[PDB]
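Participant:
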Ligand code: HEC
Ligand code: HEC
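Protein chains in written order, with the numbering used here: chain A, 255 to 380; chain B, 255 to 380.
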């Protein structure tokens with residue numbers, strides 16, 4: 255869907271921005287600094303689930319650019335492993351949110367965050 | 255969810271970027287220049303539906319900025335009318351996509367596009 259590689263970069267940056275907001279806005283709730291409304295979080299995590307499936311298709315072949323390291327393309331199977339693993343951690347977070355289980359939510363949220371941090375150290379430029 | 259008004263601007267620009275890609279990538283299909291796969295479009299419009307609900311909450315009070323005209327805030331009810339109307343046009347597009355009806359899709363797509371163009375002329379700076 256991208257006319258030029260630059261369009262893919264702008265799409266993925268925007269998808270990751272949104273994904274990041276929908277994940278990060280739950281930090282005060284996980285820490286107990288904001289109230290836990292199970293329905294609010296269930297709906298939020300549904301949005302996060304949709305958004306979390308979007309960036310990866312905008313790292314197609316030849317879409318080098320942005321703050322992306324070149325290792326995303328040469329190590330196709332390893333990058334793919336990390337996105338699919340991240341998405342599976344999102345499934346766990348969805349299950350916790352759907353259950354309205356705060357403890358399960360907190361644990362899953364930490365696992366998701368670790369997946370974010372790992373793909374970052376590996377596949378994002380300084 | 256925004257620490258500063260700037261964060262709201264970056265969120266909404268990113269949401270609108272994504273919304274725009276998910277709408278615009280269907281143009282070749284509506285025009286017959288690309289094949290119509292009803293399942294592909296149904297899934298795409300489901301993504302568009304989720305994305306189309308996101309920008310508006312990032313035009314909260316005092317989030318003036320970006321390429322947004324100031325009339326968004328002073329005419330709160332009118333801007334709100336236009337987003338809710340846009341979202342209702344998205345419901346129509348979803349119904350057409352779910353039905354796998356190409357003619358219905360094309361008509362709905364034009365109505366959605368007109369809603370985009372109108373909010374633009376009114377609420378977006380040159
Ligand atoms: C690899 C499989 C990743 C996972 C999982 C996550 N992110 Fe990431 N992110 C990744 C790359 C390769 C990039 C650079 C994209 C580019 O082309 O520039 C990014 C970028 C971000 C950004 C910045 C987006 C921008 O506006 O430019 C943010 C804020 C971000 N990533 C956050 C983030 C979070 C919070 C994640 C888990 C919820 C996460 N990313 C996962 C690669 C990967
Ligand atoms: C009013 C209710 C709008 C509707 C409906 C749509 N858009 Fe719009 N869009 C609107 C505003 C006020 C802005 C400016 C936001 C800012 O603070 O800068 C925009 C912006 C865009 C952009 C640019 C995003 C960016 O990266 O900065 C695009 C590409 C865009 N809008 C496209 C678009 C399309 C295709 C729409 C229908 C599917 C659409 N917008 C609806 C206001 C409104």
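For every residue, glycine included, the Cβ atom is placed at its ideal position computed from N, Cα and C.
Shorter than 8 Å from the beta carbon of residue 285/A to some beta carbon of chain B?
Facilitator: Output row for residue 285/A: interface = no.
Participant: Under 7 Å between beta-carbons, which chain A residues line up against residue 279/B? List them in chain order, please.
Facilitator: 255
Participant: Per DSSP, residue 378/B forms a beta bridge with which residues?
Facilitator: 322/B
Participant: Tell me the residue span of the alpha helix (DSSP H) that contains residue 351/B.
Facilitator: 330-353
Participant: Listing by chain order, which chain B residues have their CB less than 8 Å from the CB of residue 272/A?
Facilitator: 265, 268, 269, 272 and 308
Participant: Output needed for residue 268/B: all residues of its chain with C-beta closer than 7 Å, excluding positions within five of it in sequence on either side, in chain order.
Facilitator: none
Participant: Quick one: residues in its chain with C-beta nearer than 6 Å to the C-beta of residue 288/A, no 5 flanking neighbours on either side, listed in chain order?
Facilitator: Here the set comprises 282.
Participant: For chain A, find out if any of its Cβ atoms is closer than 8 Å to the Cβ of residue 275/B; answer yes or no.
Facilitator: yes
Participant: With a threshold of 8 Å between beta carbons, is residue 317/B in contact with chain A?
Facilitator: no
Participant: Between 263/A, 275/A and 369/A, which lies nearest to residue 333/A when the distance is taken from Cα to Cα?
Facilitator: 369/A
Participant: Find the residues of chain A that neighbour residue 301/B, judging by a C-beta separation of less than 8 Å, and give them in chain order.
Facilitator: 304 and 308
Participant: My assumption, with CB atoms under 8 Å, is that residue 348/B sits in contact with residue 303/B. Please give the rounded CB distance.
Facilitator: Right, their Cβ atoms sit about 5 Å apart.
Participant: Three Cβ pairs or more, each shorter than 8 Å: is that satisfied between the region 323-340 of chain B and the region 358-377 of chain B?
Facilitator: yes
Participant: With a threshold of 7 Å on Cβ separation, who are the neighbours of residue 310/A within its own chain once the five nearest residues in sequence on each side are excluded?
Facilitator: 337
Participant: Just to confirm before moving on: does the CB-CB distance between residue 379/A and residue 323/A stay below 8 Å?
Facilitator: yes
Participant: Could you check whether residue 295/A and residue 273/A sit closer than 8 Å to each other, using their CB atoms as the reference points?
Facilitator: no
Participant: Straight-line CA distance for residue 271/A to residue 350/A?
Facilitator: 23 Å
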